[PDB]
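These notes are about the structure you will find just below.
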4 protein chains.
Amino acid sequence: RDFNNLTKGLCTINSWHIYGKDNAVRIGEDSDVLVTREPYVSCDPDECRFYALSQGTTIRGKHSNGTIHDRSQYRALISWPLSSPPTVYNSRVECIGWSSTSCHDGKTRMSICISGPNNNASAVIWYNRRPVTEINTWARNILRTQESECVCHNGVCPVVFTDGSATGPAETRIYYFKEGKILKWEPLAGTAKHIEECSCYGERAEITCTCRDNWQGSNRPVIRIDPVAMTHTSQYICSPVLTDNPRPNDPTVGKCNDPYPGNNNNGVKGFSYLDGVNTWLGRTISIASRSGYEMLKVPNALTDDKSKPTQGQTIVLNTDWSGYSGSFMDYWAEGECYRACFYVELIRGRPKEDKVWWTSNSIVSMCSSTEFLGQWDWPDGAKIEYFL
Amino acid sequence: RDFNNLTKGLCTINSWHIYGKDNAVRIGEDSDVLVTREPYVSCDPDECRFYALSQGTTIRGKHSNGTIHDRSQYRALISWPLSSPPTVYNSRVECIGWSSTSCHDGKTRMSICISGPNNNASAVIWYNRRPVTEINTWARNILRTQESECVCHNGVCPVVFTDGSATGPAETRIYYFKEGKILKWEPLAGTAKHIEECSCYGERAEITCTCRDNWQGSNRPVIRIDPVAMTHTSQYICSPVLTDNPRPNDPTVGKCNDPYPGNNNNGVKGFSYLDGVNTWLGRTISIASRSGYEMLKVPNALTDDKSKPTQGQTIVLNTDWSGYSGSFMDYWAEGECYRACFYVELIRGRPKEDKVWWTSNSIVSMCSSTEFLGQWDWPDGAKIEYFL
Amino acid sequence: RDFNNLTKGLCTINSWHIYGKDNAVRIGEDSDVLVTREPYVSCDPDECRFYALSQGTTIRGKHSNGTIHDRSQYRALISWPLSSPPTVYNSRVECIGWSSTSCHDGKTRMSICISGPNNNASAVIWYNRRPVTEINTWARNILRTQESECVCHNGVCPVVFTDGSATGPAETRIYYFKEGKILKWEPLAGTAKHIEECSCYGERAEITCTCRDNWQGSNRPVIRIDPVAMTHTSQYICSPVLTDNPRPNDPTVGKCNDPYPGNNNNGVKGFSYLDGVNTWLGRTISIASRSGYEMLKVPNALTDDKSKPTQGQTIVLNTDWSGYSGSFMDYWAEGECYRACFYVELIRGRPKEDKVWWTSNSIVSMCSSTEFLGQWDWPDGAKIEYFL
Amino acid sequence: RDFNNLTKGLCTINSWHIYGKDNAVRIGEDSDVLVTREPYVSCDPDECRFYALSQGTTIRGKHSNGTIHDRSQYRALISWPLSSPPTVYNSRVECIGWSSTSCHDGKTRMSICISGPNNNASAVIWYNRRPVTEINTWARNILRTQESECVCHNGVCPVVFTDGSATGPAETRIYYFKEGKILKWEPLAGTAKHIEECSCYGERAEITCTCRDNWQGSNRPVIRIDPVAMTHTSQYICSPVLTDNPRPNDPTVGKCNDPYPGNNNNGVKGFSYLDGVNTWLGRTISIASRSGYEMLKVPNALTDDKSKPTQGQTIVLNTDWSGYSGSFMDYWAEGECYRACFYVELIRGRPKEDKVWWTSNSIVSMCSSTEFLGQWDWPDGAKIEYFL
Ligand SMILES: *[C@@H]1O[C@H](CO)[C@@H](O[C@@H]2O[C@H](CO)[C@@H](O[C@@H]3O[C@H](CO)[C@@H](O)[C@H](O[C@H]4O[C@H](CO)[C@@H](O)[C@H](O)[C@@H]4O[C@H]4O[C@H](CO)[C@@H](O)[C@H](O)[C@@H]4O[C@H]4O[C@H](CO)[C@@H](O)[C@H](O)[C@@H]4O)[C@@H]3O)[C@H](O)[C@H]2NC(C)=O)[C@H](O)[C@H]1NC(C)=O
Ligand SMILES: *[C@@H]1O[C@H](CO)[C@@H](O[C@@H]2O[C@H](CO)[C@@H](O[C@@H]3O[C@H](CO)[C@@H](O)[C@H](O[C@H]4O[C@H](CO)[C@@H](O)[C@H](O)[C@@H]4O[C@H]4O[C@H](CO)[C@@H](O)[C@H](O)[C@@H]4O[C@H]4O[C@H](CO)[C@@H](O)[C@H](O)[C@@H]4O)[C@@H]3O)[C@H](O)[C@H]2NC(C)=O)[C@H](O)[C@H]1NC(C)=O
Ligand SMILES: *[C@@H]1O[C@H](CO)[C@@H](O[C@@H]2O[C@H](CO)[C@@H](O[C@@H]3O[C@H](CO)[C@@H](O)[C@H](O[C@H]4O[C@H](CO)[C@@H](O)[C@H](O)[C@@H]4O[C@H]4O[C@H](CO)[C@@H](O)[C@H](O)[C@@H]4O[C@H]4O[C@H](CO)[C@@H](O)[C@H](O)[C@@H]4O)[C@@H]3O)[C@H](O)[C@H]2NC(C)=O)[C@H](O)[C@H]1NC(C)=O
Ligand SMILES: *[C@@H]1O[C@H](CO)[C@@H](O[C@@H]2O[C@H](CO)[C@@H](O[C@@H]3O[C@H](CO)[C@@H](O)[C@H](O[C@H]4O[C@H](CO)[C@@H](O)[C@H](O)[C@@H]4O[C@H]4O[C@H](CO)[C@@H](O)[C@H](O)[C@@H]4O[C@H]4O[C@H](CO)[C@@H](O)[C@H](O)[C@@H]4O)[C@@H]3O)[C@H](O)[C@H]2NC(C)=O)[C@H](O)[C@H]1NC(C)=O
Ligand SMILES: CC(=O)N[C@H]1[C@H]([C@H](O)[C@H](O)CO)OC(C(=O)O)=C[C@@H]1NC(=N)N
Ligand SMILES: CC(=O)N[C@H]1[C@H]([C@H](O)[C@H](O)CO)OC(C(=O)O)=C[C@@H]1NC(=N)N
Ligand SMILES: CC(=O)N[C@H]1[C@H]([C@H](O)[C@H](O)CO)OC(C(=O)O)=C[C@@H]1NC(=N)N
Ligand SMILES: CC(=O)N[C@H]1[C@H]([C@H](O)[C@H](O)CO)OC(C(=O)O)=C[C@@H]1NC(=N)N
Ligand SMILES: *[C@@H]1O[C@H](CO)[C@@H](O)[C@H](O)[C@H]1NC(C)=O
Ligand SMILES: *[C@@H]1O[C@H](CO)[C@@H](O)[C@H](O)[C@H]1NC(C)=O
Ligand SMILES: *[C@@H]1O[C@H](CO)[C@@H](O)[C@H](O)[C@H]1NC(C)=O
Ligand SMILES: *[C@@H]1O[C@H](CO)[C@@H](O)[C@H](O)[C@H]1NC(C)=O
Ligand SMILES: *[C@@H]1O[C@H](CO)[C@@H](O)[C@H](O)[C@H]1NC(C)=O
Ligand SMILES: *[C@@H]1O[C@H](CO)[C@@H](O)[C@H](O)[C@H]1NC(C)=O
Ligand SMILES: *[C@@H]1O[C@H](CO)[C@@H](O)[C@H](O)[C@H]1NC(C)=O
Ligand SMILES: *[C@@H]1O[C@H](CO)[C@@H](O)[C@H](O)[C@H]1NC(C)=O
Ligand SMILES: [Ca+2]
Ligand SMILES: [Ca+2]
Ligand SMILES: [Ca+2]
Ligand SMILES: [Ca+2]
């Protein structure tokens with residue numbers, strides 16, 4: 001109908017309830033399930049779907065060998081029904097590429113896929129399932145984007161791109177699209193030193209993204225965007241509760257405008273909901289690998305450099321593999337407020353489980369509840385020995 | 001369009017005709033069929049679908065090993081087209097959980113799934129395919145529900161929940177939902193001592209549920225609900241024709257307000273249509289196991305403590321496995337009256353057929369006819385030896 | 001919209017062109033294709049679909065063993081997209097049964113399935129995908145019907161049923177349904193001695209059915225129905241070109257009101273288009289088995305007891321297996337006349353190819369052309385050796 | 001709604017971006033993917049789909065043996081969702097045949113399939129998924145058509161057919177269809193000596209087709225059609241940049257009205273966009289086999305007999321297999337101009353890779369961009385050794 005506007009604030013998050021789980025690897029042991037990674041969830045006004053970057057082969061197929069690799073001509077952004085596994089027969093291809101983002105503006109959906117060699121990549125913006133705009137690499141070093149949904153307000157959908165070094169200063173740009181066309185783009189501003197894979201959500205006409213500083217920060221950079229004025233700023237989450245991975249152990253005081261040192265040249269896509277005392281951070285339990293997953297309520301984490309957890313919820317036990325995580329919300333649900341949601345990618349295979357030659361994942365997603373619900377852990381559930 | 005109202009009475013049931021049969025296990029021997037249990041049937045104004053609790057694996061898949069277990073993070077309520085098998089590719093996930101119920105109110109469908117650890121479970125109510133309300137465990141002992149469809153009248157859909165001991169007194173509540181929100185809830189009232197897995201239907205603005213007394217009764221408890229006043233009462237079916245399983249042999253006189261003794265701490269979900277002389281009871285033929293299935297016309301079974309069968313129909317021969325059974329009706333069919341229907345779960349595998357390591361089922365469903373139709377038996381049809 | 005009326009006459013048939021072919025057995029050698037038999041084609045106002053009686057198992061599945069049998073609790077009438085194979089995932093179940101018919105009346109579709117033991121079978125009439133009417137066996141000896149589409153005119157859809165002996169006089173009835181309800185039924189009238197599996201079509205407010213006299217005729221009985229007056233009559237096709245199978249060799253003069261002797265207690269479902277000089281008969285090439293298939297133009301075959309072919313078209317070579325054949329037309333196609341069509345069931349497996357333990361089929365269908373098109377043969381295409 | 005009219009001109013082509021890729025062979029190694037060849041892409045006003053000629057078997061199925069053959073009764077024109085593989089379960093059959101074309105006129109789609117023996121073939125024209133017109137062979141020697149989409153203007157859709165010798169003069173006709181009926185047909189006019197498999201596109205009320213001279217030309221014939229006047233003419237592309245295969249090496253000067261000699265009795269379907277200086281030609285890199293694929297900007301290639309490349313883009317490396325290629329455009333996309341697109345068939349198996357007994361393909365498609373995007377190569381991606 002008309003363009004969606006971010007007119008509501010976030011609901012109070014007292015706990016998280018189970019939303020969707022596909023059990024892809026369990027089912028894929030004996031079904032035609034596509035090998036994937038970098039999944040996410042995104043909603044249309046009438047349906048919410050699972051999304052991911054396919055590797056162009058099934059798990060049981062011989063071409064699954066070598067799927068640990070990130071970029072190839074055989075990947076594609078695919079979407080499929082909520083909680084179903086990504087199968088060959090029920091998956092819909094959005095575009096061809098090894099990095100992506102996608103969001104509905106209220107009228108129709110925009111999907112962006114980046115493909116190419118490392119030094120000659122390009123993004124093609126699709127709108128209403130047709131290619132509309134193309135952007136060539138500007139720093140000639142792996143043009144990349146969010147790997148989770150973008151957000152729109154009155155037709156304008158900002159998207160964060162990064163091109164250049166992953167272990168040094170790079171060139172990040174914020175593009176403001178409307179109906180697939182570029183209205184404007186800015187270079188990154190603020191105090192963030194490195195930006196990659198931003199996880200965004202919107203409320204009260206403002207868009208907040210929690211990204212990944214791959215170069216030096218263990219605390220996460222944040223970009224706040226004003227989609228009306230088409231401007232932005234960046235900083236780091238102040239809290240000592242560090243959320244990247246790998247990372248040092250938590251200190252007693254954090255850093256607001258500088259990366260917290262400890263781990264270099266590595267990280268993981270993550271997210272957070274920054275809403276005053278209604279603030280929740282997600283993170284792997286392990287400080288060394290993508291293992292376990294928990295949510296921690298850290299009041300004023302964004303601005304308080306000494307803030308520590310007041311409540312928490314374990315999503316995946318530390319004995320189980322996790323991976324990327326990002327944010328999404330059903331902006332078309334009924335209600336007085338936006339219910340915060342998130343997904344966790346559960347990676348199986350290489351590099352950790354090297355008895356198999358593939359790398360894939362399943363998905364688990366939760367949304368917030370105003371009740372204080374009991375918790376359960378949500379592992380992938382596949383027994384790797386069954387694949388030998 | 002508008003909320004459905006239970007304005008009709010039941011059609012005269014002179015016999016039962018075949019409605020749907022999926023042959024899931026036969027087909028699943030060489031197809032990507034999901035392992036399930038606790039199935040049921042539910043109608044929307046334009047289509048009737050099969051429902052069940054998936055185990056998150058196919059029958060032929062290696063993860064089918066251990067599917068005898070009731071609760072895990074890999075189960076989900078799924079629905080699929082009438083008489084098709086529950087396949088990986090044609091199944092739609094309604095919600096994540098190991099216990100459920102679901103019903104259409106005329107405008108849209110409400111689905112409820114309960115998940116969690118035994119002592120920290122929670123129910124999340126979905127309406128129009130979006131989560132709306134959440135309820136945390138109140139007795140911290142396996143919060144559970146119907147495992148068959150609920151029923152609505154002018155927007156109000158009562159649902160019976162039980163939390164607490166399965167072998168002792170528990171806390172049963174009747175929740176009255178409207179558009180996924182809680183209007184009110186009551187503690188169980190009346191003479192029923194234990195309630196579990198209620199099978200409900202509605203007619204002339206009243207909802208009747210035939211449940212399971214797992215603790216001590218071999219006769220079934222009944223809950224009658226008034227969805228307008230939002231009140232209820234309970235008692236037991238008076239008839240000496242006992243319908244739980246396992247159970248003692250039929251006596252000459254039954255009990256109206258007390259459980260009929262004989263078997264303790266066990267049972268099976270079942271149902272009945274209580275309509276004066278137009279009363280039919282369903283039951284396993286075997287008094288010891290979930291074997292065989294028959295329908296018996298027992299006039300005034302609800303109030304006559306000496307009532308015995310006047311007519312009958314064998315659905316499944318005693319040499320064949322049966323299982324859960326419940327009620328449903330197409331409230332949107334044309335006609336002067338509601339045609340009574342029911343389904344029978346046909347369990348294959350463990351614990352009875354222990355040569356295989358899995359437990360699954362197929363479904364058979366019948367609806368009433370005013371004609372006196374000839375009978376046939378409807379077994380699962382799978383030869384277990386084919387799975388070794 | 002409104003009920004369809006048979007207001008047109010048949011187009012001139014100068015030859016036949018290929019309409020649909022599913023190659024089910026070829027594809028089913030390595031795909032989840034259901035085992036079937038007794039297929040047919042039927043159109044809705046917006047789509048034409050393939051129909052058949054499933055055996056409730058795939059061809060490669062172990063339960064395919066024994067599918068030569070006609071009646072069991074595992075059969076169901078299924079429909080699927082034109083020219084696709086009947087797969088587990090794309091097939092829609094219309095009803096449960098081992099004998100059927102189905103037709104669209106312009107508003108919605110009626111499907112009838114008969115199930116039961118030989119001496120206690122029953123038909124349940126579905127309309128708009130809901131059961132509406134049920135009919136119990138009247139002669140207690142395999143209640144059976146058309147096995148191809150029925151035809152409607154202004155809401156009235158006659159259907160021919162037969163109950164009783166297949167090798168002696170039986171009780172045939174013509175039921176006139178409207179919206180799934182019985183308006184009236186008649187006992188068979190005219191000179192036909194035995195009727196089974198009628199293949200019907202309609203034109204200019206009259207319905208013609210070419211059936212099978214299993215008892216003694218090698219010439220086919222014909223039933224002409226007036227759907228307005230709801231009356232009918234029957235006779236045999238006069239032509240010496242015999243069309244049942246098995247059958248004696250063609251004589252020089254046929255029989256109009258008596259069965260032509262030669263073969264007893266056997267036959268095959270077939271059809272014909274009887275339209276004065278625009279008359280075409282279909283038949284197996286072999287007089288001994290269901291092998292080969294050809295169409296022969298035999299002017300005035302219905303009334304001329306000496307009529308012989310004036311033109312012909314080979315559909316399946318005598319070295320290839322054929323089987324049942326029946327008529328259907330797209331009554332909703334644009335145009336001044338109804339284009340005659342037909343399908344041929346291509347049976348593979350038992351009893352002829354006994355190296356395999358199953359029996360299944362694929363389908364080929366053609367429609368008429370006013371051009372004189374070149375001919376090609378259309379075999380099943382599967383190599384049985386590939387299934388050992 | 002209404003018939004589409006070719007009112008726009010072509011967008012400026014500065015480079016090509018990736019549009020769709022199905023990775024059919026990679027996925028088909030362990031999925032129910034149909035064996036195909038002769039693919040193409042065609043758009044409806046609301047969706048663009050992949051099309052191809054099925055061989056009626058899956059790649060892994062035993063019937064894939066011998067699929068190198070061109071014509072059989074088991075082929076069919078099938079369509080499926082963009083970038084998905086052609087699977088047994090998601091493919092839609094358009095018609096039965098071993099040669100085809102198809103296009104949407106704005107209101108509905110016309111599909112044409114030719115089937116038959118070499119000396120008695122026939123084309124049946126389908127419109128709105130119903131057969132409407134039939135044309136019998138005129139030269140009795142493999143009646144054949146485009147093997148890529150046709151184009152319409154105000155309801156009129158010209159289609160080029162060829163019947164007769166492939167190594168000598170043949171009879172080519174241009175049929176002008178409207179709603180599936182023949183308005184008129186012409187014999188080939190102009191200087192082209194042999195025409196086969198025309199690849200067409202339209203702009204500013206004119207339709208241009210780049211075909212294949214199988215008899216003697218290494219330069220391609222071109223047919224320009226005026227769909228309003230229903231007339232046409234033909235010539236050869238003047239440029240010395242030869243685009244058929246096999247072919248001699250490029251000369252310094254080409255031929256405008258004669259075939260350029262060098263290779264006899266062979267070729268490959270190809271295409272070009274002829275638009276003054278905005279002219280791009282596609283061709284295999286290899287002059288000997290269907291290997292590699294590149295696009296070359298050759299200003300005024302159609303009329304300048306000395307024109308040479310000014311820019312280029314490699315699509316498939318010469319070390320990778322290619323095959324047929326053709327044109328298509330989304331005439332229903334928003335915008336001021338028509339964005340040129342094309343597809344490349346990537347043949348795997350026989351005759352080049354003879355370790356397997358089958359022949360199939362996958363598809364890659366690109367559309368033009370006004371940006372100068374970086375290039376990447378797009379191979380099939382399957383490792384043949386995995387099929388042994
Ligand atoms: C029924 O359901 C309800 C709902 O779930 C259950 O109640 C919930 O129970 C939770 C578990 O106790 C409880 O969560 C905890 O809440 C406290 C705040 O009250 C929070 O501090 C906890 O978080 C710390 O502890 C966990 C381990 O338990 C750590 O993994 C987590 O990261 C937090 O500790 C780490 O970070 C802190 C901040 O920097 C450090 O101070 C601390 O030393 C520790 O640091 C180390 O570990 C880090 C991670 O490995 C590492 O990075 C760092 O470098 C150090 O090495 C936790 O969230 C819920 O609040 C509670 N919910 C409610 C409503 O009550 C109930 O029990 C269930 N019933 C039953 C029977 O189970
Ligand atoms: C063509 O089709 C028609 C339609 O189906 C056929 O006619 C039908 O035929 C049915 C079979 O005879 C007939 O059903 C029977 O009807 C009588 C009432 O008239 C009913 O009592 C029968 O039910 C008892 O018998 C069956 C065994 O046959 C038991 O399984 C059942 O539970 C009933 O008996 C048990 O419960 C009773 C009540 O307490 C006890 O009195 C009795 O002793 C017995 O108890 C033991 O068994 C129990 C179960 O194991 C156990 O719990 C208990 O503790 C004891 O150990 C049955 O329903 C239909 O009424 C009839 N329909 C019509 C319209 O006529 C026709 O025959 C078909 N034609 C052909 C050739 O087959
Ligand atoms: C390009 O395409 C066109 C279009 O197809 C081709 O032209 C067509 O060619 C057809 C083949 O010649 C031709 O069909 C024939 O037409 C004649 C009438 O003109 C018709 O009689 C033929 O039918 C008899 O013959 C076939 C065997 O060829 C039999 O199978 C068939 O049943 C008919 O014969 C049997 O029945 C008769 C009637 O009772 C008996 O008189 C006769 O003896 C025979 O009886 C025995 O066989 C029976 C079946 O086994 C058995 O029951 C009985 O008891 C006896 O044992 C046939 O239809 C088309 O008419 C013609 N079409 C046109 C428009 O011209 C053209 O050739 C193609 N080009 C090339 C190069 O192939
Ligand atoms: C990042 O991305 C951009 C965009 O892709 C990259 O820039 C592009 O780079 C391309 C590669 O250099 C460049 O394409 C070339 O452009 C020139 C015109 O400037 C064009 O002539 C080239 O085409 C010839 O060369 C290729 C081999 O490289 C041949 O395969 C091709 O057919 C052309 O040569 C043949 O035909 C000519 C005409 O007849 C003959 O003169 C010539 O001798 C040769 O003939 C032989 O080969 C034929 C084919 O086998 C055979 O039939 C014949 O008989 C003879 O045997 C080519 O298209 C793009 O123009 C350029 N794009 C832009 C916007 O700049 C950039 O490099 C990327 N960055 C990095 C680091 O890679
Ligand atoms: C464009 C690209 O390849 N992005 C990478 C990403 C990247 O390596 C880091 O952010 C550092 O630059 O890391 C990872 C990762 O698992 O850490 C997966 C992403 N894979 C894919 N998006 N395909
Ligand atoms: C919540 C739960 O696990 N319910 C159980 C149910 C339960 O054990 C009895 O009612 C006694 O409490 O029994 C059975 C059963 O087969 O008897 C299956 C149900 N399984 C599932 N709903 N998953
Ligand atoms: C109801 C029934 O079983 N009908 C039979 C039919 C029947 O045997 C003859 O007409 C003689 O009565 O023959 C055959 C047959 O192949 O000849 C298949 C049918 N199979 C099925 N409809 N399932
Ligand atoms: C009708 C027909 O069979 N056309 C052939 C085509 C033909 O051989 C040449 O154009 C010369 O006539 O060549 C080829 C080919 O790969 O070269 C495939 C086509 N295959 C199919 N369309 N099925
Ligand atoms: C969003 O706001 C604009 C005006 O700012 C309005 O045109 C549009 O309709 C609004 N969207 C919705 C969904 O109401
Ligand atoms: C996978 O590929 C590697 C590298 O090509 C090879 O060594 C290994 O054996 C392969 N594993 C399997 C299961 O094919
Ligand atoms: C149900 O009853 C209410 C009034 O009690 C009415 O608003 C509603 O439309 C009725 N439902 C239907 C389907 O007529
Ligand atoms: C199933 O699992 C059990 C317990 O882990 C094991 O003993 C058994 O061998 C397994 N059966 C199969 C067929 O894998
Ligand atoms: C069929 O005829 C009846 C009147 O005899 C009419 O009501 C109906 O609309 C007609 N059907 C169509 C499709 O026109
Ligand atoms: C099929 O079943 C028969 C009879 O039960 C048996 O003899 C035969 O061996 C079976 N064939 C196969 C392939 O299982
Ligand atoms: C195409 O042109 C004709 C008149 O020449 C017009 O009737 C038709 O509507 C036009 N098509 C569109 C899509 O506007
Ligand atoms: C394929 O068929 C040929 C010819 O019939 C035969 O020689 C060859 O062995 C077959 N190949 C396979 C893999 O079946
Ligand atoms: Ca980092
Ligand atoms: Ca009990
Ligand atoms: Ca006969
Ligand atoms: Ca050539």
Side-chain angles (χ1 to χ4, degrees), chain A residues 95-96 115-116 120-126 130-137 180-182, chain D residues 6-21 40-43 48 148-149 151 199-204 206-210 220 222 224 237-239 241 243 270-285 292-304 307-316 322 325-344 364-378:
Chain A
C95 47
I96 305 303
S115 76
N120 233 352
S122 57
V124 21
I125 297 75
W126 292 64
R130 295 182 170 106
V132 178
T133 300
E134 309 80 47
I135 305 168
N136 197 234
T137 177
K181 326 288 180 314
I182 297 160
Chain D
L6 304 169
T7 59
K8 309 184 192 164
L10 296 177
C11 298
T12 301
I13 305 159
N14 285 145
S15 62
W16 301 87
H17 74 252
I18 186 71
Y19 179 74
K21 190 182 198 301
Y40 56 103
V41 189
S42 187
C43 303
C48 294
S148 70
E149 83 171 5
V151 190
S199 290
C200 315
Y201 66 91
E203 44 86 43
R204 299 188 188 296
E206 177 168 280
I207 295 174
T208 304
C209 302
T210 300
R220 294 193 179 273
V222 175
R224 247 87 72 261
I237 294 174
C238 293
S239 178
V241 177
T243 59
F271 74 102
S272 72
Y273 276 97
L274 306 170
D275 189 39
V277 300
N278 190 36
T279 294
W280 285 77
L281 309 181
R283 47 131 76 139
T284 58
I285 290 174
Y293 205 84
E294 62 180 5
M295 288 302 291
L296 297 163
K297 181 180 184 177
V298 180
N300 304 300
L302 178 66
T303 54
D304 187 341
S307 50
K308 295 291 208 178
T310 55
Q311 199 191 135
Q313 190 170 145
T314 296
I315 313 301
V316 183
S322 63
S325 53
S327 49
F328 77 98
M329 298 200 284
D330 182 358
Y331 298 96
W332 300 273
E334 294 68 40
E336 197 280 319
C337 50
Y338 291 144
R339 182 182 296 222
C341 305
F342 71 88
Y343 68 84
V344 187
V364 61
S365 71
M366 327 263 303
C367 290
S368 64
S369 170
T370 57
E371 298 300 306
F372 290 89
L373 306 180
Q375 64 183 354
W376 204 17
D377 61 298
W378 301 93

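Chain naming here is simple, since letters A, B, ... match the order of the sequence lines and numbering starts at 1 in each. Any value given below was found using the heavy atoms of this structure, including those in side chains, with hydrogens, waters and symmetry copies removed.
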- request: Answer yes or no: is there a donor N or O on one side and an acceptor on the other, between the side chain of D:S369 and the main chain of A:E134, under 3.5 Å?
  value: no
query: Is there a side-chain contact between D:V241 and D:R283 (heavy atoms, below 4.5 Å)?
result: yes
- prompt: Checking D:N278 side chain against D:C11 main chain: does a donor-acceptor pair fall under 3.5 Å?
  reply: yes
query: Are side-chain heavy atoms of D:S307 and D:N300 found at a separation under 4.5 Å?
result: no
query: Within the distance-only criterion (no hydrogens, no angle test), does the side chain of A:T133 pair as donor or acceptor with the backbone N or O of A:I125 below 3.5 angstrom?
result: no
message: Centre-to-centre under 6.0 Å for D:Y331 and D:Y338, is that the case here?
response: yes
- request: Taking the side chain as every heavy atom from C-beta outward, state whether D:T310 and D:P299 have any atom pair closer than 4.5 Å.
  value: yes
- prompt: Would you say the side-chain atoms of A:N136 pair up with the backbone N or O of A:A121, donor to acceptor, closer than 3.5 Å?
  reply: yes
- prompt: Is there a donor-acceptor pair under 3.5 Å between the side chain of D:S322 and the backbone N or O of D:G292?
  reply: yes
query: Do the non-hydrogen side-chain atoms of D:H17 and D:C367 ever get within less than 4.5 Å of each other?
result: yes
message: Main chain of D:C200, side chain of D:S327: is a donor-acceptor contact present, judged purely on distance under 3.5 Å?
response: yes
field: Any side-chain donor near an acceptor of the partner, D:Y273 and D:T279, under 3.5 Å
entry: no
task: Using modelled atom types only, decide if a donor and an acceptor are shared between the side chain of D:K297 and the backbone of D:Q313 within a distance under 3.5 Å.
output: no
- request: Look only at the side chain of D:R339 and the backbone of A:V132, and say whether a donor-acceptor pair between them is shorter than 3.5 Å.
  value: yes
- prompt: Would you call D:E334 and A:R130 a salt bridge, using N to O less than 4.0 angstrom?
  reply: yes
query: Does D:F342 have its ring centroid less than 6.0 Å away from the ring centroid of D:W280?
result: no
query: Would you say D:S42's side chain and D:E149's backbone share a donor-acceptor pair under 3.5 angstrom?
result: no
- request: Assert yes or no for the condition that the ring centre distance of A:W126 to D:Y19 is strictly below 6.0 Å.
  value: yes
task: Could you walk me through whether D:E206 and D:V151 pass the side-chain contact (heavy atoms from CB on, under 4.5 Å) test, one step at a time?
output: CA-CA 10 Å; D:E206 177 168 280; D:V151 190; over 6 Å; no
- prompt: Between D:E294 and D:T314, do the side chains contain an N or O donor and an N or O acceptor separated by less than 3.5 Å?
  reply: no
message: Does any part of the side chain of D:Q375, heavy atoms only, come nearer than 4.5 Å to the side chain of D:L373, both counted from C-beta?
response: no
message: Quick check: do D:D330 and D:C48 have side-chain heavy atoms less than 4.5 Å from each other?
response: yes
